[PDB]
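Next up, structure tokens for two forms of one chain, structure 1 and then structure 2.
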Structure 1
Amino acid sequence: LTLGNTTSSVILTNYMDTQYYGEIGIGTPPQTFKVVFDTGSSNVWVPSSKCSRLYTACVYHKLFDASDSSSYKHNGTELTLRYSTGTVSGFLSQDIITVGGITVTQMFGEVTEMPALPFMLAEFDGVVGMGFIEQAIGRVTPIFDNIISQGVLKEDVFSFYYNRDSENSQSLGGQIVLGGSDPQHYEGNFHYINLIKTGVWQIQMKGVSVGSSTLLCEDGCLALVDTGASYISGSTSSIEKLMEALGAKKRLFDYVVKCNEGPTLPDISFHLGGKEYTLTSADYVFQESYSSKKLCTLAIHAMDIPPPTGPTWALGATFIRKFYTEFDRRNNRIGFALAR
């Protein structure tokens, strides 16, 4: 390891409280992309100029064109990246990547196959995996390990702030700090849990309360802390018992409640380290209306994550909006503080 004096921040955009992304530059001169920063994956990719326009997703996103980069280095190795909600495929390339102030030589996927569902619903183009090299497809070095290698970051950590959405332009959608936290977006103290293992941003969860009754994950279970997931997710069995306690109808791939019922829905707590992490109804309901004649989506959905990672709860954007999150690679722990 080597610690310098820099921290660097990335400004994020917030789309409808479901997508949080910022800007990176790839190549010389820079080609800019909107990318999700995702603690649940370890690869960088962006759509490629070599993606058939019969993939409608490649008609609607920014495409990396290697033929316009004087700093491109060929590799060409095929890879497939499986995400919870979809899959992309392409080949490895190397170029210079601009993220915050920071310039790093990085191996990434040029995606040539990008399915309409879900990528036509993406405001972002690509992904910067903030996971460990142990999960990296093609054993490629993740961008954060390559940034640590430079020895410029004050600390071997990064931090996520996800804001509530705005009707304003002037709202900061979110912020990643590389090498630190920003005390301007949290208050009180960080409270830390140690990872199960190095190699996955996953921690032990001791319980899940729905009011006063600890009626879920009663023994113990796993929480993946997933900056790239929109929702809080548990296992189909876990959720159908959560969603019974709340009084919510199962639809295709979300649960709903009558909009008028939304505000009187109970608190949901998550026991992590020595602290209860409590979300109000306002925190997990898309309160779009108060009518008995409309339906309102919950920001807790059902996801069966396959082994070895799973089966596990995932704490995504619904949870990070309330709790500023620090990802400590030096001490293999996660710190939560109350976001402001």
Structure 2
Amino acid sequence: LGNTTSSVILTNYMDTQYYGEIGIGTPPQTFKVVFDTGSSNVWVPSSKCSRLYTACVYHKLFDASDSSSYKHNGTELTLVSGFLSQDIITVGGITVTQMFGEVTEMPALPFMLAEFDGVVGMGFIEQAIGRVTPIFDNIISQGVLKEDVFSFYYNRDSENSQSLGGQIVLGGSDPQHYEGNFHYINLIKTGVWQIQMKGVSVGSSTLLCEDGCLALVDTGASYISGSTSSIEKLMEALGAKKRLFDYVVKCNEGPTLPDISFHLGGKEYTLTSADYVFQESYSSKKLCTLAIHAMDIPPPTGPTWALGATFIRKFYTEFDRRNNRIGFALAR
């Protein structure tokens, strides 16, 4: 451990994508990336990614020939698909030699939707493709960070202000963006940012996850998600119905929807309807969507709930690698 932290300011796109800048190479080629606890690899699109893929026409491409610190590897990789490479990556004034995927195959679904170019995986080496050492582990190895933790702040989106979209801090947490103190929940096992959940209650009753369930704390996921069956039951409880792609409520009835609490480590983490309905409107004549979706995550990680941006906006989150635990604090 050293005495430094490193932060990266994040752009908030529509409350569904949060991404910041990294540089790859000498000199740095700068990319927008999501910092994703749900995966363990760093990857960006390659200059060799065909224009067949419209995804690779609209994103920043890494040109290895323009970097003097680039070292070839070539090992194939299926994260998207491409090959392994080594270079110097700059993340908020920290520079680290890192192995990353140069993606040469990139289908239009989903990464046409991506306002970002790549992903910096903040998960464990256990889930890394090619057992590549993740970037946080490589930065830990430098012995410069104050603590072996990293933290996420995700802001609510505003049309009336050019405020910060969010912030990741490597090596600590930023007290300007939470209140009170952290309470922690231990990981079920190392290798996955997943914790036991003791119940999910809707207002005045625990209707869900009685007898316990799993919660992946996933900074790369837009929403709170559960299994199709869990969400069907949750939405039934809320009075929401599937419009056709998404679940909606009359925008005027959104403010009357009950609190949803997630029971994590002996504490109740509560979202009010303001925290989970997108009040794009408030009229009795409009429908409003919810920031909670079904997602059937297959084994071995799932079936599981995922606590994504919806949850993180409410609760400032600290990922503690020293102690294999996750800390939450309110706000702000």
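Sequence positions of structure 1, starting at 1, serve as the residue numbers. Between two forms, the rigid core is defined as the largest C-alpha subset superposing within 1.5 Å.
Enquirer: Tell me, which of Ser52, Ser292, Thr309, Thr278 is the one whose C-alpha shifts by at least 2 Å between the two structures, with the rigid core superposed?
Expert: Correct option: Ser292.
Enquirer: Spell out whether the Cα of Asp254 moves at least 2 Å between the two structures when the two forms are superposed on their rigid core.
Expert: Comparing the forms between the two structures, which are aligned on their rigid core, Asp254 does shift its C-alpha by 2 Å or more.
Enquirer: Core-aligned, what's the Cα displacement of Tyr21 between the two structures in Å?
Expert: Core-aligned C-alpha shift comes out at 0.3 Å.
Enquirer: Fit the two forms on their core, then tell me the C-alpha shift of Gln170 between the two structures in angstrom.
Expert: Its C-alpha shift, to one decimal, is 3.1 Å.
Enquirer: Using the rigid core as the frame, report the C-alpha movement of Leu265 between the two structures, one decimal, in Å.
Expert: Its alpha carbon moves by 1.4 Å.
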